[PDB]
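Printed here is my_file-v4.txt (compact mmCIF, C-alpha atoms):
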```txt
# COMPACT_ATOMS: atom_id res chain seq x y z
CA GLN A 1 84.04 84.19 99.41
CA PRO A 2 81.36 83.38 98.53
CA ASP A 3 80.39 86.18 96.15
CA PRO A 4 77.46 88.24 97.53
CA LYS A 5 74.06 88.62 95.90
CA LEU A 6 72.59 92.02 94.97
CA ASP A 7 70.21 91.71 97.93
CA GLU A 8 72.94 91.39 100.58
CA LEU A 9 74.98 94.46 99.53
CA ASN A 10 74.53 97.76 101.40
CA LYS A 11 72.47 100.33 99.49
CA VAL A 12 73.42 103.94 98.81
CA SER A 13 69.77 105.02 98.85
CA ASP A 14 69.27 103.47 102.30
CA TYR A 15 72.12 105.44 103.84
CA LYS A 16 70.71 108.78 102.70
CA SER A 17 67.21 107.67 103.78
CA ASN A 18 68.55 107.17 107.30
CA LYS A 19 69.97 110.72 107.27
CA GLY A 20 73.49 109.42 106.63
CA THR A 21 76.12 111.49 104.79
CA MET A 22 78.20 109.55 102.25
CA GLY A 23 80.64 112.46 102.38
CA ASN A 24 82.20 110.99 105.54
CA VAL A 25 83.33 107.97 103.53
CA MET A 26 84.30 110.11 100.55
CA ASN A 27 86.64 112.03 102.85
CA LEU A 28 88.42 108.89 103.99
CA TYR A 29 89.30 107.85 100.44
CA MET A 30 90.01 111.30 98.98
CA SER A 31 92.17 112.54 101.87
CA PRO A 32 95.83 111.46 101.91
CA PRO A 33 96.73 108.19 103.69
CA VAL A 34 99.14 107.80 106.58
CA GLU A 35 102.47 106.87 104.93
CA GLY A 36 105.72 105.97 106.62
CA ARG A 37 108.96 104.12 105.90
CA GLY A 38 111.26 102.50 108.46
CA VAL A 39 109.70 103.30 111.83
CA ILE A 40 109.32 101.62 115.21
CA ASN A 41 106.40 101.98 117.62
CA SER A 42 107.15 104.25 120.56
CA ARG A 43 104.52 102.73 122.87
CA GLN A 44 101.09 101.14 123.29
CA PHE A 45 97.63 102.03 124.57
CA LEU A 46 95.94 98.61 124.43
CA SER A 47 97.84 95.35 123.95
CA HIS A 48 96.50 94.95 120.40
CA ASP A 49 97.42 98.41 119.11
CA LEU A 50 100.68 100.28 118.46
CA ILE A 51 101.49 103.99 118.57
CA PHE A 52 104.03 105.32 116.08
CA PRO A 53 106.01 108.59 116.06
CA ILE A 54 104.88 109.19 112.48
CA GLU A 55 103.72 112.56 111.19
CA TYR A 56 100.37 112.95 109.42
CA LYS A 57 99.29 116.44 108.45
CA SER A 58 99.12 118.33 111.75
CA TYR A 59 99.62 115.16 113.83
CA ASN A 60 102.96 113.90 115.18
CA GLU A 61 101.75 110.47 116.27
CA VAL A 62 99.53 107.76 114.88
CA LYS A 63 97.83 104.87 116.64
CA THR A 64 97.02 101.80 114.60
CA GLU A 65 94.85 99.03 115.97
CA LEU A 66 95.32 95.36 115.17
CA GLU A 67 92.66 92.64 115.36
CA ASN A 68 94.28 90.92 118.35
CA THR A 69 97.33 90.92 120.62
CA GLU A 70 99.21 88.18 118.77
CA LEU A 71 98.96 90.15 115.52
CA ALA A 72 100.24 93.21 117.36
CA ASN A 73 103.26 91.45 118.89
CA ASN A 74 104.39 90.36 115.42
CA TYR A 75 105.13 94.01 114.53
CA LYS A 76 105.90 95.45 117.97
CA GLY A 77 109.41 96.80 118.48
CA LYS A 78 110.31 96.07 114.84
CA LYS A 79 111.26 98.44 112.02
CA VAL A 80 108.26 98.58 109.67
CA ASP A 81 106.52 100.66 107.01
CA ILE A 82 103.03 102.08 107.45
CA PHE A 83 100.18 102.76 105.03
CA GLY A 84 96.63 103.32 106.18
CA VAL A 85 93.36 105.24 106.15
CA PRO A 86 93.21 107.52 109.21
CA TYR A 87 90.32 108.85 111.29
CA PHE A 88 89.90 111.34 114.14
CA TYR A 89 86.33 111.07 115.34
CA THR A 90 86.34 108.69 118.37
CA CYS A 91 90.14 108.47 118.21
CA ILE A 92 91.45 108.38 121.77
CA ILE A 93 95.19 108.31 122.37
CA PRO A 94 96.31 108.78 125.98
CA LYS A 95 99.51 110.82 126.28
CA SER A 96 102.77 109.15 127.34
CA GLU A 97 103.01 111.64 130.23
CA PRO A 98 100.35 111.07 132.90
CA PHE A 104 92.76 112.88 124.10
CA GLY A 105 92.40 113.73 120.41
CA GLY A 106 94.68 112.10 117.88
CA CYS A 107 95.05 110.25 114.60
CA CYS A 108 93.99 106.60 114.44
CA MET A 109 93.89 103.73 111.92
CA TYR A 110 93.69 99.93 111.59
CA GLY A 111 96.44 97.53 110.51
CA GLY A 112 98.52 98.88 107.62
CA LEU A 113 101.88 97.40 108.66
CA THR A 114 104.59 95.61 106.70
CA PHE A 115 108.26 94.95 107.43
CA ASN A 116 110.82 97.51 106.30
CA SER A 117 113.54 96.33 103.90
CA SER A 118 115.85 97.60 101.16
CA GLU A 119 113.63 99.72 98.91
CA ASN A 120 113.72 98.21 95.40
CA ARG A 122 111.10 98.90 90.78
CA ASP A 123 107.48 99.76 91.59
CA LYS A 124 104.83 97.18 90.82
CA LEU A 125 101.71 98.10 88.88
CA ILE A 126 98.36 96.40 89.36
CA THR A 127 95.47 96.61 86.92
CA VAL A 128 92.24 96.89 88.88
CA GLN A 129 89.32 95.37 86.97
CA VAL A 130 86.01 97.23 87.12
CA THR A 131 82.65 95.86 86.03
CA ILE A 132 79.42 97.82 86.03
CA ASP A 133 76.05 96.01 85.94
CA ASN A 134 77.90 93.04 84.41
CA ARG A 135 77.74 94.86 81.08
CA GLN A 136 80.51 97.48 80.96
CA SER A 137 84.19 96.82 81.64
CA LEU A 138 86.66 99.47 82.81
CA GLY A 139 90.18 99.38 84.20
CA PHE A 140 92.88 101.51 85.80
CA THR A 141 96.24 100.98 87.45
CA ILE A 142 97.57 101.56 90.95
CA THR A 143 101.17 101.28 92.14
CA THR A 144 103.18 100.31 95.21
CA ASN A 145 106.88 99.77 95.79
CA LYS A 146 106.13 96.93 98.22
CA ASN A 147 106.50 93.27 97.22
CA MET A 148 104.50 92.35 100.34
CA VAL A 149 101.68 94.91 100.59
CA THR A 150 98.62 95.23 102.85
CA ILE A 151 95.16 94.82 101.36
CA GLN A 152 94.48 98.23 102.91
CA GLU A 153 97.09 100.06 100.81
CA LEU A 154 95.66 98.50 97.64
CA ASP A 155 92.04 99.11 98.67
CA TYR A 156 92.63 102.78 99.48
CA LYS A 157 94.40 103.40 96.14
CA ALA A 158 91.59 101.61 94.30
CA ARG A 159 88.75 103.53 95.99
CA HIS A 160 90.68 106.80 95.74
CA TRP A 161 90.79 106.48 91.96
CA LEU A 162 87.12 105.39 91.73
CA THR A 163 86.02 108.25 93.95
CA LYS A 164 87.98 110.87 92.03
CA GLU A 165 87.28 109.48 88.56
CA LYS A 166 83.95 107.63 88.88
CA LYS A 167 82.09 109.30 91.74
CA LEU A 168 82.13 106.13 93.87
CA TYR A 169 81.39 108.36 96.89
CA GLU A 170 79.78 111.80 96.60
CA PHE A 171 78.82 114.13 99.44
CA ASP A 172 75.20 113.04 99.55
CA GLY A 173 75.29 109.79 97.57
CA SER A 174 77.04 107.94 94.76
CA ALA A 175 76.89 107.47 91.01
CA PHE A 176 76.03 103.88 92.00
CA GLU A 177 73.63 102.06 94.33
CA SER A 178 75.82 99.21 95.63
CA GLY A 179 79.06 97.39 94.98
CA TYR A 180 82.05 95.48 96.31
CA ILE A 181 85.75 94.98 95.73
CA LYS A 182 87.08 91.43 95.41
CA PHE A 183 90.65 90.27 95.96
CA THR A 184 92.02 86.98 94.59
CA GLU A 185 95.47 85.73 95.61
CA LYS A 186 97.84 83.43 93.70
CA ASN A 187 96.54 80.32 95.51
CA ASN A 188 93.07 81.00 94.08
CA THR A 189 91.63 82.01 97.48
CA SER A 190 89.46 85.13 97.61
CA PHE A 191 87.51 87.56 99.80
CA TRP A 192 85.51 90.77 99.34
CA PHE A 193 84.46 94.05 100.94
CA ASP A 194 81.11 95.81 100.62
CA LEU A 195 82.07 99.31 99.38
CA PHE A 196 79.26 101.09 101.22
CA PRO A 197 78.29 101.71 104.90
CA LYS A 198 75.49 99.86 106.69
CA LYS A 199 72.25 101.85 106.71
CA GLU A 200 72.45 101.76 110.51
CA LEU A 201 75.76 103.66 110.68
CA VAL A 202 74.57 107.16 111.63
CA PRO A 203 76.42 109.10 112.81
CA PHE A 204 79.32 107.66 110.85
CA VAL A 205 81.53 105.87 113.36
CA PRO A 206 84.97 105.20 111.82
CA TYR A 207 85.88 102.27 114.09
CA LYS A 208 82.89 100.35 112.72
CA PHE A 209 83.79 100.95 109.06
CA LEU A 210 87.58 100.82 108.90
CA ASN A 211 87.89 97.86 111.30
CA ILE A 212 87.93 95.61 108.21
CA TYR A 213 91.64 96.54 108.04
CA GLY A 214 92.44 95.35 111.54
CA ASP A 215 93.42 91.86 110.35
CA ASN A 216 96.36 93.60 108.64
CA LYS A 217 96.05 91.16 105.73
CA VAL A 218 99.21 91.23 103.56
CA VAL A 219 99.55 89.91 100.00
CA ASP A 220 102.03 89.69 97.12
CA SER A 221 101.68 92.79 94.94
CA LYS A 222 103.23 91.03 91.93
CA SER A 223 100.45 88.42 91.74
CA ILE A 224 97.37 89.79 93.52
CA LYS A 225 94.15 90.15 91.50
CA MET A 226 91.62 92.93 92.08
CA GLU A 227 88.08 93.19 90.75
CA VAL A 228 85.42 95.78 91.43
CA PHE A 229 81.74 95.22 90.78
CA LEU A 230 79.31 98.13 90.86
CA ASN A 231 75.54 98.28 90.36
CA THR A 232 73.72 101.40 89.12
CA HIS A 233 70.24 102.40 90.30
```
Rendering of file as C-alpha cells:
Amino acid sequence: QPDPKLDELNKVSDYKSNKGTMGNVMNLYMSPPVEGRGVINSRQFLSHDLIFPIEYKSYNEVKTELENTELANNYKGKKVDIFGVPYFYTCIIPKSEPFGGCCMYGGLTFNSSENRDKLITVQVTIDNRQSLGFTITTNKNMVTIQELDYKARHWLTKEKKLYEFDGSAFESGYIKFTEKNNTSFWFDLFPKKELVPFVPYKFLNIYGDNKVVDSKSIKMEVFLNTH
C-alpha cells in the first residue's frame, strides 16, 4: 500500500527501448523453482545468508540471502523447507574448503508434518474491464509470498504472455497481496528501465524479507494494463 498509479509502474516499452531483454525475467518464472523439504543449512557466506545442501538441476548447493542477520538467525541451524526463484549471474558462493553457484532470496519456512493441499484463486484484472482467474496450490499452511508469487507469474507467463523474449502482451502491471488482517502490499511485475544488463540481485531482492503468510486466507490480485 498504497495502490500505485499508472504513471509510477515500470513500462515494458521502456525496457526494450533501453536495449533490455524481457527474456531474462521470463526465464526466472518459466524455469523450475528451488524446492526442498526438511533441510538444514550446512554453512554461511555472509551473516545474513544461508547455504543449503539442496540439489537444483546440476547444482548440489543453494545459497539464499535474507534481508538482515536477525532474519537469518531465525532459520539458521533449523530444519526448514525451501521454495524460491534461483539465479546464477552474479551468484558467488565461496567453497567450504579454502565461484559459480545457485543463489536466491528468502524462501524459507519451518518443516513440519506434511498434511491436504490448499488452493488459492488468483484474481486477474486487465485494464479494469476484463476479469480472469486461475488457481495455484501449496501444501504449506504458512507459505512465503515468494512461493505464491512465482506460481502466479509462472501461470501468467505460460498462459497469458506476461513475459515474452522481447516484450510482453502488456505494458505494465502489478500483483497485490492482502492478508486476513486487511493489510496489503504490492510488487511491480516489470524491471526498471535502468536494469541493463539484467542484474538478478536487484530484481529478486524483493524476496529477501522472506515474508510468510497464511495460505488458507491470503488474497491475491493481479492488475495488468495493455498498450
query: For the atom pair CA of residue 57 in chain A and CA of residue 109 in chain A, what is the interatomic distance in Å to one decimal place?
result: 14.2 Å
query: With all atoms listed in the file as the atoms that count, which of A:132, A:80, A:6, A:22 lies nearest to residue 40 in chain A?
result: A:80
task: Can you work out the spacing between CA of residue 35 in chain A and CA of residue 191 in chain A in Å, to one decimal?
output: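 Rounded to one decimal, the two atoms are 25.0 Å apart.
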Nearest-residue call for residue 185 in chain A, choices A:119, A:81, A:220, A:97, using all atoms listed in the file: A:220
message: Considering all atoms listed in the file, can you say which of A:216, A:222, A:21, A:39 comes closest to residue 147 in chain A?
response: A:222
message: Could you check the closest approach to residue 176 in chain A for each of A:78, A:43, A:208, A:233 and tell me which residue wins, using only C-alpha atoms?
response: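 Counting only C-alpha atoms, the residue closest to residue 176 in chain A is A:233.
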Using only the atoms of range 215-222 of chain A listed in the file, plus 3 Å on each side, state the axis-aligned box centre and edge lengths in Å rounded to one decimal, as AutoDock Vina command-line options.
```
--center_x 98.3 --center_y 91.6 --center_z 101.1 --size_x 15.8 --size_y 9.9 --size_z 24.4
```
Using all atoms listed in the file, determine which residues lie at most 9 Å from residue 46 in chain A, disregarding the query and same-chain residues fewer than 2 positions distant; provide the list as a PDB file with C-alpha atoms, in the frame of the given file.
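As written to disk, result_17.pdb reads:
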```pdb
ATOM      1  CA  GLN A  44     101.090 101.140 123.290  1.00  0.00           C
ATOM      2  CA  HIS A  48      96.500  94.950 120.400  1.00  0.00           C
ATOM      3  CA  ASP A  49      97.420  98.410 119.110  1.00  0.00           C
ATOM      4  CA  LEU A  50     100.680 100.280 118.460  1.00  0.00           C
ATOM      5  CA  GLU A  65      94.850  99.030 115.970  1.00  0.00           C
ATOM      6  CA  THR A  69      97.330  90.920 120.620  1.00  0.00           C
TER       7      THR A  69
END
```
